[PDB]
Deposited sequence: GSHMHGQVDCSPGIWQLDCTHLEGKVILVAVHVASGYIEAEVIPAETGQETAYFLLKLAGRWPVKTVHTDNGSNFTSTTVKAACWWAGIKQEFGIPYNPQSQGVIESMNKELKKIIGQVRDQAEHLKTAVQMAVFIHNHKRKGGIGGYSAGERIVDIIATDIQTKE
């Protein structure tokens, strides 16, 4: 289904990477957040929902979504409740030297992942959303 996203946090260099995967296409949005808090998840959800038709959200840690602030963001954006962290960490390690900050390398790995091809993840998400 075109509106299903999976959201999770992973850890690297003592920092937290919030990874959102459009399940139907494998397309990734990811950001380095200062702490693994409900406020950061709520804000990230608001950002994501403004850029993509986010209908339902899955996670591998259901307690991520128990926050009063997270439920309000979902409420406001009309969101209901519905590996890749290894692939993203692999690309991060490949490009890790190309940048000082981990957050820069994360965006590089997101770029590479979404455009790597026989279409790419970025190519088939816009097709999925367009046809639907």
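Of the deposited sequence, the ranges 1-10, 93-106, 142-146, 162-166 have no C-alpha coordinates according to the record.
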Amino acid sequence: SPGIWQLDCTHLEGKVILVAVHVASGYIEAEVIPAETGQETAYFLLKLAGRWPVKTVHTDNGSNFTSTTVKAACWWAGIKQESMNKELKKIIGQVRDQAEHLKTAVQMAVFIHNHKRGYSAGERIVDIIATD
From here on, numbers count along this sequence of modelled residues.
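Among other compared entries that model residues flanking residue 100, every one gives it coordinates, keeping it clear of the one-third cutoff. Residue 122, modelled here, also has coordinates in every other compared entry of this protein that models residues flanking it, well short of the third needed to call it frequently missing. Relative to one another, 63-71 and 85-93 have unequal mean CA B-factors, and 85-93 is the one with the higher figure. As recorded in the PDB entry, 32-40 is the stretch of 32-40 and 48-56 with the greater mean C-alpha temperature factor.
Remark: residue 103 belongs to the lowest third of its chain, ranked by C-alpha B-factor as recorded. Residue-level temperature factors show residue 25 in the middle third of its chain, judged at the C-alpha atom.
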